[PDB]
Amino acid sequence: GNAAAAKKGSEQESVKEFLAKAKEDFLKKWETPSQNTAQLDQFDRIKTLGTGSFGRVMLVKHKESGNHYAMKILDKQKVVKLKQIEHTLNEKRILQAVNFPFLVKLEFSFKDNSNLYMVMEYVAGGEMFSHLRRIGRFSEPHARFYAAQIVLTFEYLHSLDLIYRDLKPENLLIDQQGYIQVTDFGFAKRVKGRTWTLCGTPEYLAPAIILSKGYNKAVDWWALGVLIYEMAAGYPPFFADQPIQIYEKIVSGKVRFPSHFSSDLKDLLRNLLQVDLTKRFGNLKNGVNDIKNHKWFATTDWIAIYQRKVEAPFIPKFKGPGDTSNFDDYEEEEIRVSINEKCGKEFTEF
């Protein structure tokens, strides 16, 4: 009624101011990035928490404090070979400048002759991926709880002219309170307007990215559509054995929903998985509000989510500091450091 209208109308003026102060803070750091804030020997390398097509993330304990952290290690030479120089510079420069409840915090960063290091706060709950695959699928309220956090995060990121570009269960972690911690800013980019790089993860690529067309922040909203679908169904809306097969499905414009999906969920998803980006939710005149006001999110207290006052639907087990039981095991490898500095000029600003 007239009460909700006032509540919604007022809250928007508030988030408006919030975002305003947030941009000031961000800009300050974006213009003058922190650099060389620690060194390799101040940490003891414990175990590999995960690997990607780019780096290795290892659990580590800070010697002069005992505190644990998640350290991402990138081989400078490999970065160059995979043509990820600018992306890597974007990754660190952006990650060190952002500040939001659901974004993993970058504690320190530095480099040596061979590698680039990004020391993050260790999120011990494990990837959303493992829990999702183990459980099968999340109930709509469970999926909604996480979705709401992604919506707020993208509102934040997008307001700073940042595009995320790699939303997936694998890049989302659960903290001790059962809340989300977005990691992997490898494809994050500060850009006003269209961009063209082919990047992301197959199952989550928007049609524009696949068709080598320029694209904008709307790809993140499409990715959200895929995330919610996968979280609620247990499998992706577009899957196959080869990426190209997945791509043909993505651009086709055809999506089928499980019989157990609610009417509200299907409607929201048809709007997010909208091939026509001019008709896609999050990219219309009212932007992100079209999503926040959508029926599927009717029971979502957005301000409460931001304050982390909502009881999480699931809280991972934590047997104390250094506990990596929520992560798969990986084959280890010595962290080699050449006596010769590699790709110095390329990574000067890191």
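Residue numbers run from 1 along the displayed sequence.
Hey, which bit's got the bigger mean C-alpha B factor in the entry, 315 to 323 or 278 to 286? Averaged over C-alpha atoms, the B-factors run higher in 315 to 323.
Take the C-alpha B-factors listed in the entry for 224 to 232 and for 101 to 109, compute each mean, and give the stretch with the larger one. Result of the comparison: 101 to 109.
So if I compare the CA B-factors in the entry for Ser252, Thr195, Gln84, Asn115, which one is the largest? Of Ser252, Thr195, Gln84, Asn115, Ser252 has the highest C-alpha B-factor.
Where does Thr153 sit by CA temperature factor within its chain: lowest, middle or highest third? Lowest third of the chain for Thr153's C-alpha B-factor.
Chain-relative CA temperature factor third for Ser130: Ranked within chain, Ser130 CA B lands in the lowest tercile.
Could you tell me which third, lowest, middle or highest, the C-alpha B-factor of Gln77 occupies within its chain? For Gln77, whose C-alpha B-factor we compare with every modelled residue in the chain, the answer is the middle third.
Ranking the modelled residues of this chain by C-alpha B-factor as given in the entry, is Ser263 in the lowest, middle or highest third? Middle third.
Which third, lowest, middle or highest, does the CA B-factor of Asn90 fall in along this chain? Lowest third, going by the recorded CA B-factors of the chain.
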